[PDB]
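Student: Below you'll find query-v5.cif; it's mmCIF, C-alpha atoms.
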data_model
#
loop_
_atom_site.group_PDB
_atom_site.id
_atom_site.type_symbol
_atom_site.label_atom_id
_atom_site.label_comp_id
_atom_site.auth_asym_id
_atom_site.auth_seq_id
_atom_site.Cartn_x
_atom_site.Cartn_y
_atom_site.Cartn_z
ATOM 1 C CA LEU A 1 -3.244 12.580 -12.572
ATOM 2 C CA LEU A 2 -3.739 13.894 -9.052
ATOM 3 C CA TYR A 3 -5.497 11.352 -6.865
ATOM 4 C CA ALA A 4 -7.532 12.476 -3.838
ATOM 5 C CA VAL A 5 -8.106 9.481 -1.616
ATOM 6 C CA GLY A 6 -10.368 8.857 1.348
ATOM 7 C CA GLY A 7 -10.747 11.352 4.132
ATOM 8 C CA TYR A 8 -13.732 12.609 6.053
ATOM 9 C CA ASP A 9 -16.468 14.736 4.500
ATOM 10 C CA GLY A 10 -17.757 16.292 7.727
ATOM 11 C CA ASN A 11 -20.122 13.429 8.454
ATOM 12 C CA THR A 12 -18.680 10.220 7.034
ATOM 13 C CA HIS A 13 -15.287 8.551 6.687
ATOM 14 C CA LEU A 14 -14.785 7.913 2.997
ATOM 15 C CA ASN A 15 -13.872 4.918 0.877
ATOM 16 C CA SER A 16 -14.193 7.050 -2.277
ATOM 17 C CA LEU A 17 -11.403 8.596 -4.332
ATOM 18 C CA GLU A 18 -11.243 10.769 -7.434
ATOM 19 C CA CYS A 19 -8.536 11.959 -9.800
ATOM 20 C CA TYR A 20 -7.834 15.284 -11.426
ATOM 21 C CA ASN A 21 -6.500 15.762 -14.898
ATOM 22 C CA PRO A 22 -4.949 19.264 -15.283
ATOM 23 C CA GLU A 23 -5.308 19.015 -19.056
ATOM 24 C CA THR A 24 -9.102 18.714 -18.913
ATOM 25 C CA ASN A 25 -9.643 20.629 -15.634
ATOM 26 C CA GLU A 26 -11.873 17.802 -14.484
ATOM 27 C CA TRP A 27 -12.160 15.393 -11.570
ATOM 28 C CA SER A 28 -13.331 11.845 -12.251
ATOM 29 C CA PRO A 29 -14.348 9.256 -9.654
ATOM 30 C CA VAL A 30 -12.186 6.161 -9.320
ATOM 31 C CA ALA A 31 -12.943 2.620 -8.047
ATOM 32 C CA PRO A 32 -13.291 2.896 -4.274
ATOM 33 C CA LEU A 33 -11.179 1.540 -1.516
ATOM 34 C CA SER A 34 -12.109 -1.694 0.220
ATOM 35 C CA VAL A 35 -12.625 0.204 3.513
ATOM 36 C CA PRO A 36 -13.077 3.863 4.434
ATOM 37 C CA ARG A 37 -9.776 5.497 5.353
ATOM 38 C CA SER A 38 -9.318 8.958 6.901
ATOM 39 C CA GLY A 39 -5.994 9.972 8.340
ATOM 40 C CA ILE A 40 -4.546 7.918 5.476
ATOM 41 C CA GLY A 41 -1.172 7.979 3.808
ATOM 42 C CA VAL A 42 -0.901 7.620 0.045
ATOM 43 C CA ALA A 43 2.147 7.146 -2.187
ATOM 44 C CA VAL A 44 3.079 5.701 -5.555
ATOM 45 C CA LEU A 45 5.588 2.963 -6.110
ATOM 46 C CA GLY A 46 6.080 0.728 -9.148
ATOM 47 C CA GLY A 47 3.200 2.352 -10.959
ATOM 48 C CA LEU A 48 0.792 1.472 -8.136
ATOM 49 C CA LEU A 49 -1.069 3.808 -5.786
ATOM 50 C CA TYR A 50 -0.811 2.666 -2.186
ATOM 51 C CA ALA A 51 -3.433 3.610 0.380
ATOM 52 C CA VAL A 52 -2.008 2.996 3.797
ATOM 53 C CA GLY A 53 -3.537 2.853 7.274
ATOM 54 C CA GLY A 54 -6.011 5.430 8.484
ATOM 55 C CA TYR A 55 -9.248 5.099 10.373
ATOM 56 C CA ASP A 56 -12.413 3.503 8.996
ATOM 57 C CA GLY A 57 -14.939 5.227 11.236
ATOM 58 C CA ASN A 58 -14.630 2.650 13.982
ATOM 59 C CA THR A 59 -11.113 1.222 13.923
ATOM 60 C CA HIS A 60 -7.546 2.401 13.342
ATOM 61 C CA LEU A 61 -6.126 0.363 10.479
ATOM 62 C CA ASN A 62 -2.996 -1.665 9.941
ATOM 63 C CA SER A 63 -4.259 -2.615 6.465
ATOM 64 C CA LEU A 64 -3.150 -1.164 3.137
ATOM 65 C CA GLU A 65 -4.183 -1.737 -0.471
ATOM 66 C CA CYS A 66 -2.756 -0.710 -3.835
ATOM 67 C CA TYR A 67 -4.451 0.392 -7.036
ATOM 68 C CA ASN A 68 -3.294 -0.384 -10.538
ATOM 69 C CA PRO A 69 -4.838 2.151 -12.968
ATOM 70 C CA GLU A 70 -4.006 -0.038 -15.920
ATOM 71 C CA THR A 71 -6.169 -2.951 -14.769
ATOM 72 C CA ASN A 72 -8.521 -0.929 -12.552
ATOM 73 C CA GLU A 73 -7.865 -3.251 -9.636
ATOM 74 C CA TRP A 74 -7.314 -2.673 -5.924
ATOM 75 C CA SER A 75 -5.365 -5.418 -4.147
ATOM 76 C CA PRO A 76 -4.621 -5.948 -0.449
ATOM 77 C CA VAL A 77 -0.948 -5.766 0.486
ATOM 78 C CA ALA A 78 0.807 -7.260 3.497
ATOM 79 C CA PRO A 79 -0.354 -5.258 6.548
ATOM 80 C CA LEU A 80 1.620 -2.953 8.781
ATOM 81 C CA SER A 81 3.005 -4.205 12.060
ATOM 82 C CA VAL A 82 0.587 -1.915 13.950
ATOM 83 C CA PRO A 83 -2.374 0.289 13.101
ATOM 84 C CA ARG A 84 -1.373 3.756 11.960
ATOM 85 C CA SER A 85 -3.761 6.661 11.480
ATOM 86 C CA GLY A 86 -2.395 10.168 11.045
ATOM 87 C CA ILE A 87 0.474 8.396 9.257
ATOM 88 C CA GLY A 88 3.028 9.750 6.833
ATOM 89 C CA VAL A 89 4.177 7.732 3.825
ATOM 90 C CA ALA A 90 6.875 8.260 1.229
ATOM 91 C CA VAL A 91 9.042 6.277 -1.150
ATOM 92 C CA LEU A 92 12.806 6.163 -1.070
ATOM 93 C CA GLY A 93 15.216 3.672 -2.575
ATOM 94 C CA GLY A 94 12.369 1.600 -3.979
ATOM 95 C CA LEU A 95 10.817 1.098 -0.555
ATOM 96 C CA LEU A 96 7.579 2.464 0.890
ATOM 97 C CA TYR A 97 8.068 4.028 4.289
ATOM 98 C CA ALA A 98 5.219 4.192 6.809
ATOM 99 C CA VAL A 99 6.057 6.721 9.493
ATOM 100 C CA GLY A 100 4.533 7.539 12.814
ATOM 101 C CA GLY A 101 0.860 7.871 13.361
ATOM 102 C CA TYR A 102 -1.495 6.665 16.058
ATOM 103 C CA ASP A 103 -2.285 3.030 16.704
ATOM 104 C CA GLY A 104 -5.607 3.530 18.474
ATOM 105 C CA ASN A 105 -3.968 3.920 21.886
ATOM 106 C CA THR A 106 -0.541 5.451 21.443
ATOM 107 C CA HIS A 107 1.177 8.080 19.290
ATOM 108 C CA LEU A 108 4.011 6.325 17.491
ATOM 109 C CA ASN A 109 7.708 6.942 17.149
ATOM 110 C CA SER A 110 7.993 3.815 15.019
ATOM 111 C CA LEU A 111 8.317 3.414 11.269
ATOM 112 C CA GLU A 112 8.575 0.472 8.908
ATOM 113 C CA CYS A 113 9.381 0.060 5.246
ATOM 114 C CA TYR A 114 7.834 -2.153 2.602
ATOM 115 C CA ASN A 115 9.640 -3.892 -0.238
ATOM 116 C CA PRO A 116 7.189 -4.733 -3.055
ATOM 117 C CA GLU A 117 9.522 -7.471 -4.286
ATOM 118 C CA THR A 118 9.234 -9.407 -1.030
ATOM 119 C CA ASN A 119 5.783 -8.129 0.098
ATOM 120 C CA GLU A 120 7.306 -7.671 3.562
ATOM 121 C CA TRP A 121 7.613 -4.822 6.045
ATOM 122 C CA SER A 122 10.754 -4.218 8.092
ATOM 123 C CA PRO A 123 11.180 -1.889 11.086
ATOM 124 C CA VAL A 124 13.389 1.176 10.622
ATOM 125 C CA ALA A 125 15.247 3.235 13.237
ATOM 126 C CA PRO A 126 12.594 5.061 15.308
ATOM 127 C CA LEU A 127 11.919 8.761 15.253
ATOM 128 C CA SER A 128 13.329 10.894 18.043
ATOM 129 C CA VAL A 129 9.784 11.550 19.338
ATOM 130 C CA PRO A 130 6.338 10.173 18.549
ATOM 131 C CA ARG A 131 4.672 11.968 15.640
ATOM 132 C CA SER A 132 1.066 11.601 14.511
ATOM 133 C CA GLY A 133 -0.466 14.037 12.066
ATOM 134 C CA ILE A 134 2.999 14.063 10.498
ATOM 135 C CA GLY A 135 4.111 15.048 7.023
ATOM 136 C CA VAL A 136 6.902 13.173 5.238
ATOM 137 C CA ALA A 137 8.764 13.697 1.989
ATOM 138 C CA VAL A 138 12.074 12.846 0.346
ATOM 139 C CA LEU A 139 14.692 15.330 -0.729
ATOM 140 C CA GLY A 140 18.339 14.823 -1.502
ATOM 141 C CA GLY A 141 18.045 11.110 -0.751
ATOM 142 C CA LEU A 142 16.807 11.813 2.807
ATOM 143 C CA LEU A 143 13.419 11.098 4.344
ATOM 144 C CA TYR A 144 12.088 14.107 6.205
ATOM 145 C CA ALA A 145 9.638 13.685 9.097
ATOM 146 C CA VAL A 146 7.988 17.013 9.766
ATOM 147 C CA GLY A 147 5.847 18.312 12.597
ATOM 148 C CA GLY A 148 3.015 16.334 14.032
ATOM 149 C CA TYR A 149 1.834 15.698 17.551
ATOM 150 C CA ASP A 150 3.832 13.693 20.103
ATOM 151 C CA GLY A 151 0.906 12.773 22.362
ATOM 152 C CA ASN A 152 1.182 15.962 24.415
ATOM 153 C CA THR A 153 2.517 18.738 22.175
ATOM 154 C CA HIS A 154 2.124 19.963 18.610
ATOM 155 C CA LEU A 155 5.570 19.982 17.109
ATOM 156 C CA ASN A 156 7.696 22.500 15.246
ATOM 157 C CA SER A 157 10.553 19.983 15.069
ATOM 158 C CA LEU A 158 11.584 17.858 12.101
ATOM 159 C CA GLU A 159 14.256 15.240 11.479
ATOM 160 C CA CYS A 160 15.645 13.420 8.475
ATOM 161 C CA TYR A 161 16.635 9.845 7.856
ATOM 162 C CA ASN A 162 19.526 8.701 5.783
ATOM 163 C CA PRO A 163 19.100 5.029 4.717
ATOM 164 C CA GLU A 164 22.842 4.797 4.047
ATOM 165 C CA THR A 165 23.744 5.509 7.681
ATOM 166 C CA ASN A 166 20.559 4.162 9.305
ATOM 167 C CA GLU A 167 20.335 7.343 11.326
ATOM 168 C CA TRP A 168 17.931 10.181 11.983
ATOM 169 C CA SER A 169 19.311 13.710 12.395
ATOM 170 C CA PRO A 170 17.424 16.754 13.672
ATOM 171 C CA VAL A 171 16.831 19.591 11.218
ATOM 172 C CA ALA A 172 16.233 23.348 11.758
ATOM 173 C CA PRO A 173 12.675 23.663 13.084
ATOM 174 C CA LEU A 174 9.609 25.170 11.579
ATOM 175 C CA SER A 175 8.570 28.723 12.430
ATOM 176 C CA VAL A 176 5.360 27.384 14.043
ATOM 177 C CA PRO A 177 4.214 23.977 15.229
ATOM 178 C CA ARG A 178 2.235 22.151 12.568
ATOM 179 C CA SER A 179 0.243 18.934 13.008
ATOM 180 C CA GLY A 180 -2.146 17.767 10.353
ATOM 181 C CA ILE A 181 0.424 19.201 7.939
ATOM 182 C CA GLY A 182 1.097 18.490 4.306
ATOM 183 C CA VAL A 183 4.656 18.276 3.040
ATOM 184 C CA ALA A 184 6.013 18.061 -0.530
ATOM 185 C CA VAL A 185 9.143 18.895 -2.491
ATOM 186 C CA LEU A 186 9.313 21.227 -5.433
ATOM 187 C CA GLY A 187 12.305 22.945 -6.996
ATOM 188 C CA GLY A 188 14.643 21.359 -4.477
ATOM 189 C CA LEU A 189 12.700 22.925 -1.582
ATOM 190 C CA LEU A 190 10.713 21.186 1.147
ATOM 191 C CA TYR A 191 7.331 22.798 1.651
ATOM 192 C CA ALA A 192 5.478 22.540 4.951
ATOM 193 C CA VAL A 193 1.879 23.482 4.356
ATOM 194 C CA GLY A 194 -0.992 24.321 6.688
ATOM 195 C CA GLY A 195 -1.791 22.247 9.733
ATOM 196 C CA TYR A 196 -2.672 23.213 13.284
ATOM 197 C CA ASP A 197 -0.288 24.915 15.702
ATOM 198 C CA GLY A 198 -1.948 23.834 18.953
ATOM 199 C CA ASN A 199 -4.373 26.747 18.979
ATOM 200 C CA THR A 200 -5.117 27.748 15.382
ATOM 201 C CA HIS A 201 -5.657 26.110 12.009
ATOM 202 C CA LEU A 202 -3.074 27.529 9.607
ATOM 203 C CA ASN A 203 -3.180 29.088 6.184
ATOM 204 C CA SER A 204 0.585 29.667 6.355
ATOM 205 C CA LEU A 205 3.296 27.614 4.675
ATOM 206 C CA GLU A 206 7.079 27.758 4.662
ATOM 207 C CA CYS A 207 9.787 26.108 2.659
ATOM 208 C CA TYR A 208 13.198 24.772 3.524
ATOM 209 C CA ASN A 209 16.325 24.835 1.432
ATOM 210 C CA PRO A 210 18.765 22.180 2.674
ATOM 211 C CA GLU A 211 21.605 23.796 0.772
ATOM 212 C CA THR A 212 21.436 27.063 2.728
ATOM 213 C CA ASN A 213 19.735 25.672 5.864
ATOM 214 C CA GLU A 214 17.021 28.315 5.603
ATOM 215 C CA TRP A 215 13.273 28.222 6.123
ATOM 216 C CA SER A 216 11.330 30.965 4.311
ATOM 217 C CA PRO A 217 7.646 31.926 4.467
ATOM 218 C CA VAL A 218 5.754 31.487 1.205
ATOM 219 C CA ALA A 219 2.562 33.212 0.084
ATOM 220 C CA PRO A 220 -0.264 31.812 2.258
ATOM 221 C CA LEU A 221 -3.202 29.677 1.285
ATOM 222 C CA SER A 222 -6.570 31.226 0.607
ATOM 223 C CA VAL A 223 -7.971 29.523 3.738
ATOM 224 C CA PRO A 224 -6.591 27.571 6.693
ATOM 225 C CA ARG A 225 -6.157 23.875 5.952
ATOM 226 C CA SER A 226 -5.370 21.238 8.543
ATOM 227 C CA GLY A 227 -5.734 17.572 7.625
ATOM 228 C CA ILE A 228 -4.600 18.713 4.181
ATOM 229 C CA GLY A 229 -3.127 16.728 1.315
ATOM 230 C CA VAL A 230 -0.354 18.157 -0.849
ATOM 231 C CA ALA A 231 1.336 16.945 -4.021
ATOM 232 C CA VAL A 232 3.241 18.315 -6.983
ATOM 233 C CA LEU A 233 2.166 18.010 -10.581
ATOM 234 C CA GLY A 234 3.219 19.970 -13.631
ATOM 235 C CA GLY A 235 5.575 22.115 -11.576
ATOM 236 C CA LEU A 236 2.774 23.269 -9.281
ATOM 237 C CA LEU A 237 2.118 22.512 -5.619
ATOM 238 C CA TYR A 238 -1.452 21.422 -5.002
ATOM 239 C CA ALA A 239 -3.079 21.963 -1.596
ATOM 240 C CA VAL A 240 -6.152 19.760 -1.342
ATOM 241 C CA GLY A 241 -9.007 19.609 1.067
ATOM 242 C CA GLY A 242 -8.584 19.789 4.770
ATOM 243 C CA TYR A 243 -10.386 21.638 7.527
ATOM 244 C CA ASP A 244 -10.367 25.399 7.922
ATOM 245 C CA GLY A 245 -11.218 25.549 11.618
ATOM 246 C CA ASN A 246 -14.962 25.457 10.987
ATOM 247 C CA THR A 247 -15.636 23.518 7.803
ATOM 248 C CA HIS A 248 -14.361 20.409 6.003
ATOM 249 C CA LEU A 249 -13.197 21.552 2.587
ATOM 250 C CA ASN A 250 -13.953 20.491 -0.936
ATOM 251 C CA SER A 251 -11.652 23.232 -2.224
ATOM 252 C CA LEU A 252 -8.106 23.037 -3.538
ATOM 253 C CA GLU A 253 -5.589 25.545 -4.821
ATOM 254 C CA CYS A 254 -2.271 25.313 -6.597
ATOM 255 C CA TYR A 255 0.928 27.270 -6.119
ATOM 256 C CA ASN A 256 3.348 28.363 -8.796
ATOM 257 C CA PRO A 257 6.800 29.046 -7.301
ATOM 258 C CA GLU A 258 7.628 31.298 -10.250
ATOM 259 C CA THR A 259 4.833 33.739 -9.431
ATOM 260 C CA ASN A 260 4.557 33.030 -5.679
ATOM 261 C CA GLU A 261 0.791 32.890 -6.154
ATOM 262 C CA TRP A 262 -1.995 30.422 -5.419
ATOM 263 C CA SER A 263 -4.884 29.786 -7.815
ATOM 264 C CA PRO A 264 -8.105 27.894 -7.103
ATOM 265 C CA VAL A 265 -8.619 24.568 -8.891
ATOM 266 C CA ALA A 266 -11.849 22.710 -9.697
ATOM 267 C CA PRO A 267 -13.286 21.508 -6.357
ATOM 268 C CA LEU A 268 -13.493 17.950 -5.188
ATOM 269 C CA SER A 269 -16.777 16.105 -5.510
ATOM 270 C CA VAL A 270 -17.112 16.046 -1.693
ATOM 271 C CA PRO A 271 -15.280 17.681 1.207
ATOM 272 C CA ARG A 272 -12.242 15.675 2.298
ATOM 273 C CA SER A 273 -10.156 16.269 5.416
ATOM 274 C CA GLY A 274 -7.657 13.705 6.614
ATOM 275 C CA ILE A 275 -7.101 13.056 2.899
ATOM 276 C CA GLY A 276 -4.214 11.432 1.107
ATOM 277 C CA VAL A 277 -3.040 12.727 -2.284
ATOM 278 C CA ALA A 278 -0.523 11.498 -4.823
ATOM 279 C CA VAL A 279 0.258 11.740 -8.529
ATOM 280 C CA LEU A 280 0.285 8.832 -10.923
#
Turn this file's structure into C-alpha cells for me.

Tutor:
Amino acid sequence: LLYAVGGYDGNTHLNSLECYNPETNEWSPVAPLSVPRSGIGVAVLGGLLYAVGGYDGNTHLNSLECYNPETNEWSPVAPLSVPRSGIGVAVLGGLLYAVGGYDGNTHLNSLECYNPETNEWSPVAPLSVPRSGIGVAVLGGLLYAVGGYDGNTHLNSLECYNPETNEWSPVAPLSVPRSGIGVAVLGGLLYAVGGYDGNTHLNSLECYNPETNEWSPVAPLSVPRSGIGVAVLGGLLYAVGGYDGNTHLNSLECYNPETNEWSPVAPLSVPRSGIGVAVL
C-alpha cells in the first residue's frame, strides 16, 4: 500500500493519512497521527511506518512516531536532536536517516540516524551545505541528498554518503535547482521530481544513472508539483500531491519507465502539499 501522510491542504496542517491499494484502485483513511505534520519525512523500517519531524501549524517538530499496520497502533519514538521540517528521510543498513531540514530558525546541514534496536539517534557526518526542502533516497548502498534550499539559494547540487567510509561526495548536479523535490529510485535510476527552482514550480523531472554518470530528462508531470511526495510501487513511480504554483493538489499520477508515460491515479481525499509518502 501507498501511504500519503500529513501535509497541508491549503488551509490546515494535517494529522490525517490515507493509503492506496493499486489492486482495488481505492484510497482508505488510516488512524491519524498524534500531531499535524507538514514538511514531514516518512519511511518504512522493520515493518513500521515512521513519520518524522515536520511542522504542526505552530511549531517545528523534533518528534516522530511509527505506525504498525498489524496492530493499528501509532507509538512515539525517541525524538530527533533538533526540530526538522522540510526534512528528508531514508533507510540504509537498517538505520533511519533524518537529513537536513529547518529547525525553526536555521536551515540544517546536520543529519542523524536512528537504530530501532537501541531507540537512539546518532549524529552522522554533516552535509556539505545546509539543505531544507531536500529529497533523499538510497541507491547502490549510498544515501543521496538532492537539491533543497541552503538558507539563501535553491540548489541544483547533490551529494552522496557512504556509511562504509563515513564520507559525503559531491555528485553531478541537476539540470535545474529543485527545492521541495521528491526523490525515489526505480530500475537502478535516481529520479528527481518536481520542486521549485527559485522562480518557478516545476513539472519537470530527471533521472540519474550512477553507472554512466548521466542525468536524463524524463517525460514531465501533468502539472507542476512542489512539496511533492514520491514513492515506487508495482514498478511504477507515484507522484503525489504538492503545490502547482497556485493550488494545493489532491491529484497524483504514476509513471511507467517502460512507456515513459504518466497516468492519473485516484485522487487523495484532501489536497496535501508538504506530504510524506511511503509503501508498506

Student: I need the residue nearest residue 177 in chain A from this list: A:83, A:245, A:53, A:195. Use only C-alpha atoms for the distance.

Tutor: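 Among the listed residues, the smallest separation from residue 177 in chain A belongs to A:195.
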
Student: Need to verify the contact set: residue 227 in chain A, 8 Å, only C-alpha atoms, exclusion of same-chain residues closer than 3 positions in sequence. Can you return it as a PyMOL selection string?

Tutor: chain A and resi 39+133+180-182+195+241-243+273-275

Student: Hey, what comes out of the PyMOL selection byres ((chain A and resi 211) around 12) on this file? Could you write it as an NGL selection string?

Tutor: :A and (139-140 or 188-190 or 208-210 or 212-215)

Student: Show me the residues around (18.1, 5.3, 14.0) - criterion: an atom at most 8 Å away, all atoms listed in the file counted - as an MDAnalysis selection string.

Tutor: chainID A and resid 124:127 161 166:168

Student: Taking the file above as input, evaluate the PyMOL selection byres ((chain A and resi 261) around 12) and report the hits as a PyMOL selection string.

Tutor: chain A and resi 218-222+236-238+253-260+262-264

Student: Please expand the PyMOL selection byres ((chain A and resi 21-26) around 7) into the concrete residues it hits in this file, giving the result as a PyMOL selection string.

Tutor: chain A and resi 1-2+19-20+27-28+266

Student: Distance CA of residue 116 in chain A-CA of residue 91 in chain A, one decimal place?

Tutor: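 Pair CA of residue 116 in chain A / CA of residue 91 in chain A returns 11.3 Å.
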
Student: Out of A:106, A:121, A:85, A:128, which residue has the shortest atom-to-atom distance to residue 152 in chain A when counting all atoms listed in the file?

Tutor: A:106

Student: Each side padded by 8 Å, which centre and which edge lengths in Å (one decimal) define the axis-aligned box around the listed atoms of range 17-30 of chain A? Give them as AutoDock Vina command-line options.

Tutor:
--center_x -9.6 --center_y 13.4 --center_z -11.7 --size_x 25.4 --size_y 30.5 --size_z 30.7

Student: Taking all atoms listed in the file into account, which of A:174, A:249, A:270, A:160 comes nearest residue 14 in chain A?

Tutor: A:270

Student: Which distance in Å separates CA of residue 138 in chain A and CA of residue 154 in chain A, to one decimal?

Tutor: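 Value for the CA of residue 138 in chain A-CA of residue 154 in chain A distance: 22.0 Å.
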
Student: Which residue, A:115, A:15, A:38, A:122, has the smallest gap to residue 84 in chain A when you use all atoms listed in the file?

Tutor: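 Smallest separation from residue 84 in chain A among the options: A:38.
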
Student: Calculated over all atoms listed in the file, which of the candidates A:134, A:17, A:90, A:51 has the smallest distance to residue 149 in chain A?

Tutor: A:134

Student: Choose the residue, out of A:229, A:69, A:76, A:32, that has the smallest atom-to-atom separation from residue 278 in chain A; count all atoms listed in the file.

Tutor: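 Of A:229, A:69, A:76, A:32, the one nearest residue 278 in chain A, counting all atoms listed in the file, is A:229.
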
Student: Go through range 37-71 of chain A and flag each residue having an atom no more than 9 Å from range 3-9 of chain A; for those, report the closest pair of atoms plus their distance in Å to one decimal, using only C-alpha atoms, ordered by chain and rising number, as JSON lines.

Tutor:
{"residue": "A:37", "atom": "CA", "partner": "A:6", "partner_atom": "CA", "distance": 5.3}
{"residue": "A:38", "atom": "CA", "partner": "A:7", "partner_atom": "CA", "distance": 3.9}
{"residue": "A:39", "atom": "CA", "partner": "A:7", "partner_atom": "CA", "distance": 6.5}
{"residue": "A:40", "atom": "CA", "partner": "A:6", "partner_atom": "CA", "distance": 7.2}
{"residue": "A:41", "atom": "CA", "partner": "A:5", "partner_atom": "CA", "distance": 8.9}
{"residue": "A:42", "atom": "CA", "partner": "A:5", "partner_atom": "CA", "distance": 7.6}
{"residue": "A:49", "atom": "CA", "partner": "A:3", "partner_atom": "CA", "distance": 8.8}
{"residue": "A:51", "atom": "CA", "partner": "A:5", "partner_atom": "CA", "distance": 7.8}
{"residue": "A:54", "atom": "CA", "partner": "A:7", "partner_atom": "CA", "distance": 8.7}
{"residue": "A:55", "atom": "CA", "partner": "A:7", "partner_atom": "CA", "distance": 9.0}

Student: Just want the 7 Å neighbourhood of residue 147 in chain A, counted on only C-alpha atoms, with same-chain residues fewer than 5 positions away dropped. Output as a VMD selection string.

Tutor: chain A and resid 134 to 135 155 to 158 177 to 179

Student: Could you take the residues named above and write them with C-alpha atoms, as a JSON list (two decimals), in the coordinates of the input?

Tutor:
[["chain", "number", "residue", "atom", "x", "y", "z"],
["A", 134, "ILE", "CA", 3.00, 14.06, 10.50],
["A", 135, "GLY", "CA", 4.11, 15.05, 7.02],
["A", 155, "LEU", "CA", 5.57, 19.98, 17.11],
["A", 156, "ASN", "CA", 7.70, 22.50, 15.25],
["A", 157, "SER", "CA", 10.55, 19.98, 15.07],
["A", 158, "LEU", "CA", 11.58, 17.86, 12.10],
["A", 177, "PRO", "CA", 4.21, 23.98, 15.23],
["A", 178, "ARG", "CA", 2.24, 22.15, 12.57],
["A", 179, "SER", "CA", 0.24, 18.93, 13.01]]
